[PDB]
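Hydrogens, waters and symmetry mates are skipped; everything else that's a heavy atom, side chains included, is used. Remember, it's 1-based here, ligands and their atoms both numbered in the order they're listed. To find a chain, count down the sequence lines: A is the first, B the second, and so on, and within it residues start at 1.
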Protein chains: 4
Amino acid sequence: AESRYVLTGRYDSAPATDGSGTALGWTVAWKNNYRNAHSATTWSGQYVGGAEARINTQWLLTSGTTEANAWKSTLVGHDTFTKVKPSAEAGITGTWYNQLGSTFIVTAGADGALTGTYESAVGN
Amino acid sequence: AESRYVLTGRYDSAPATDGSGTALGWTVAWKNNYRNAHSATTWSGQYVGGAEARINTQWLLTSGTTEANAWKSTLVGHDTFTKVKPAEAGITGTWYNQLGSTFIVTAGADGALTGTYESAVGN
Amino acid sequence: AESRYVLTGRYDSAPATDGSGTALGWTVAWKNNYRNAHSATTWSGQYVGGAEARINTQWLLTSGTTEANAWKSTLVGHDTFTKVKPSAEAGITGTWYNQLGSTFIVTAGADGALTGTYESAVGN
Amino acid sequence: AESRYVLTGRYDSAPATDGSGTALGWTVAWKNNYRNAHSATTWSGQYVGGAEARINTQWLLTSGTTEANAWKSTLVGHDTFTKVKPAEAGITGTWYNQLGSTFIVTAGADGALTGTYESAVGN
Ligand SMILES: O=C(O)CCCC[C@@H]1SC[C@@H]2NC(=O)N[C@@H]21
Ligand SMILES: O=C(O)CCCC[C@@H]1SC[C@@H]2NC(=O)N[C@@H]21
Ligand SMILES: O=C(O)CCCC[C@@H]1SC[C@@H]2NC(=O)N[C@@H]21
Ligand SMILES: O=C(O)CCCC[C@@H]1SC[C@@H]2NC(=O)N[C@@H]21
């Protein structure tokens, strides 16, 4: 769909069981079959499980630029994701929304893979 | 392999018709069959082609932490990759950064990045 | 005092009056007359005025390292500051606390200067 | 001066007795008597002394935005400074980064950084 973009990423599929979060990250390149922003975002963060599951992230959004403009190519920010209807695999897998109203649909594989789609409330 | 970790990511497979760079990113979770650092790095940047191609990145390395220690969970840095080992034109290939880490990547026609990463530091 | 560190920074002393925040930043080097962490944090952000005044920031915390360890010298994060008892000068000047329970006492000067003290709830 | 902006910051004035670098940071708000970009940059990094001294930094450039646009308010990058114009040992002096910007700084004995910054880009 016009609003959805592919994501792929990785997570720690054998996380510590000592109270620590589960490290993960993913990337969206902002091209789909409808639009192309010539940019890519990576989110790096951790999954915090339980009934009030969260994925807390920081992100880097790099736009393709000329070399002369490369100094201003990368935005930084932070997103917190809340799971709709809340193992790390089962914990992460599902639909999530962030504070902007963006939506993150993800499946976590047994091998550490993250796959899914992202819809941003802003940009593009 | 002991020192290699899986990566995946995405890149702009139809970059602007105008001298831009090609936006991209990828992730490594630092677990393999030998070690687990309970952490993940994402690199965000752009590929700059030509005679001496480069991938210029900034990265975020998040470690799993308690919520109380989350304030100190994330390192930030910057890596520049070239194909010079301390080659065909394009992103696909073997790249090395300023630390001597090895990034071996395949770029699929429709935007996928897949490969392996071997870090010269950490773990 | 043992818990307090000097800060200095700068703010836009003639900000846009079009709904935009007021850009600012400051630095703490984590040495006082009691402790030295051999590190420094910079906060970069904006002041959002009104009765529910906020300073929203991202920060970089660099520790002194050897060259071999420089790759792991810098932490990144984000702090949101709430004003205790809420011009940009008057708006910014006061006592603020962040989500960690740290406290930021600042005076904004007519020339764009920020001066004050910082007490961190964590680290050191 | 038209192209110079005020900076202040702080540095560790008693760095570790052990080969560390000296942690430091500074801020420029991009308002002077000529222009106002409604933005501020902070540089966080460390000074590495010796024969060819360096200040290695990462920076955050926040622009004043509406709250709705705050997600895109902050650029991040990295600057490396040397004293080579495109000198006495220490932080105090005139430094240049890879963009050709000029950072003129005085380091006070007890941790103050003061000076001016002229950017080769932006504004
Ligand atoms: O405009 C672009 O270049 C592409 C869209 C970027 C949207 C960003 S990604 C980080 C932040 N979190 C979101 O959910 N949306 C924005
Ligand atoms: O120690 C860890 O938590 C995992 C290894 C991290 C290595 C980092 S990733 C960013 C930087 N670039 C590299 O090539 N290595 C380091
Ligand atoms: O441990 C250190 O190296 C010095 C103290 C660092 C405390 C950091 S600064 C960013 C974050 N916000 C706070 O209020 N405290 C932490
Ligand atoms: O355009 C602006 O908002 C103000 C000028 C910003 C210039 C930036 S600061 C980080 C980077 N390093 C430099 O020397 N210049 C750019």
Side-chain angles (χ1 to χ4, degrees), chain A residues 5 28-31 35-43 57-64 71-72 75-79 81 97-104 118-124, chain B residues 12 23 71-72, chain C residues 5 23 28-31 35-43 57-64 75-79 81 97-104 118-124, chain D residues 5 12 23 28-31 35-43 57-64 71-72 75-79 81 96-103 117-123:
Chain A
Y5 297 81
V28 171
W30 298 104
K31 178 185 197 303
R35 295 196 74 102
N36 193 350
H38 304 305
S39 65
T41 303
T42 62
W43 290 257
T57 71
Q58 300 182 267
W59 55 253
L60 295 170
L61 164 49
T62 305
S63 294
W71 68 274
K72 56 174 176 178
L75 292 164
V76 61
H78 49 98
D79 290 348
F81 295 87
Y97 302 124
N98 73 14
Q99 74 290 340
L100 294 165
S102 301
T103 299
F104 168 49
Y118 201 97
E119 298 155 56
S120 180
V122 299
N124 292 308
Chain B
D12 179 3
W71 70 273
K72 56 173 167 177
Chain C
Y5 297 81
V28 171
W30 298 104
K31 178 185 197 303
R35 295 196 74 102
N36 193 350
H38 304 305
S39 65
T41 303
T42 62
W43 290 258
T57 71
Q58 300 182 267
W59 55 253
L60 295 170
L61 164 49
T62 305
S63 294
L75 292 164
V76 61
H78 49 98
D79 290 348
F81 295 87
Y97 302 124
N98 73 14
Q99 74 290 340
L100 294 165
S102 301
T103 299
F104 168 49
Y118 201 97
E119 298 155 56
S120 180
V122 299
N124 292 308
Chain D
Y5 296 81
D12 179 3
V28 171
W30 296 104
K31 181 265 194 292
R35 296 173 195 268
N36 191 351
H38 302 306
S39 65
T41 303
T42 64
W43 290 255
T57 72
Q58 291 234 219
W59 54 255
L60 296 170
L61 165 48
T62 305
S63 296
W71 70 273
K72 56 173 167 177
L75 292 164
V76 60
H78 49 98
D79 290 350
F81 296 85
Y96 305 90
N97 71 12
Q98 73 291 342
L99 299 166
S101 299
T102 305
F103 169 44
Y117 201 96
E118 174 178 356
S119 181
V121 301
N123 293 307

Does either side chain, that of C:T42 or that of D:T42, offer a donor lying less than 3.5 Å from an acceptor on the other one?
yes

Taking atom types as modelled, is there a side-chain donor on A:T41 or A:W30 under 3.5 Å from an acceptor on the other?
yes

Is any side-chain heavy atom of D:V76 less than 4.5 Å from a side-chain heavy atom of A:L75?
no

Side chain or backbone, does C:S120 bring an N or O within less than 3.5 Å of an N or O on ligand 3?
yes

Students often mix this up, so state it plainly: with edges at 30° and 60°, are the rings of D:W59 and A:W71 parallel, tilted or perpendicular?
tilted

Classify the ring geometry between C:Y118 and C:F104 as parallel (under 30°), tilted (30 to 60°) or perpendicular (over 60°).
tilted

One residue to check: D:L61. Relative to ligand 4, which of side chain, backbone, both or neither has a non-hydrogen atom less than 4.0 Å away?
side chain

Is the backbone N or O of C:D79 less than 3.5 Å from a side-chain atom of C:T57, with the two atoms forming a donor-acceptor pair by type?
yes

If the cut-off is 4.0 Å to any non-hydrogen atom of C:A37, which atoms of ligand 3 fall inside it?
2 (C), 3 (O)

Looking only at distances, please establish whether an N/O atom of ligand 3 is found under 3.5 Å from an N/O atom of C:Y118.
yes

Distance filter under 4.0 Å to D:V121 heavy atoms, resulting ligand 4 atoms
7 (C), 15 (N), 16 (C)

Considering only heavy atoms of C:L100, which atoms of ligand 3 have at least one such atom less than 4.0 Å away?
12 (N), 13 (C), 14 (O), 15 (N)

Give the residue, atom name and distance (to 0.1 Å) of the protein heavy atom nearest atom 9 (S) of ligand 1.
A:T41 OG1, 3.3 Å

Contact check, C:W43 vs ligand 3, heavy-atom distance below 4.0 Å:
yes

Taking only heavy atoms of D:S101, which atoms of ligand 4 are found under 4.0 Å from at least one of them?
13 (C), 14 (O)

heavy-atom search around atom 10 (C) of ligand 1 in the protein gives A:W59 CE2, 3.3 Å

Main-chain N/O of D:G77 paired to D:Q58 side chain as donor or acceptor, under 3.5 Å
yes

Backbone of D:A120 reached by a side-chain donor or acceptor of D:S101 within 3.5 Å
yes

For A:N124 and ligand 1, does the shortest N/O to N/O distance drop below 3.5 Å?
yes

Would A:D79 count as being in polar contact with ligand 1, using the rule that some N or O on each side must be under 3.5 angstrom apart?
yes

Give yes if a backbone or side-chain nitrogen or oxygen of A:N98 is under 3.5 Å from a nitrogen or oxygen of ligand 1, and no if not.
yes

So is B:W71 polar-close to ligand 3, meaning N/O to N/O under 3.5 Å?
no

Identify, for atom 3 (O) of ligand 1, the protein heavy atom at the shortest distance, and state residue, atom and that distance.
A:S39 OG, 2.8 Å

With heavy atoms of A:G123 as the reference, note each atom of ligand 1 found under 4.0 Å away.
1 (O)

Test C:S39 against every option in C:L61, C:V28, C:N124 by the side-chain contact (heavy atoms from CB on, under 4.5 Å) rule and name the one that passes.
C:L61

Give the minimum heavy-atom separation between C:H78 and C:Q99, together with the two atoms involved.
O-NE2, 3.5 Å

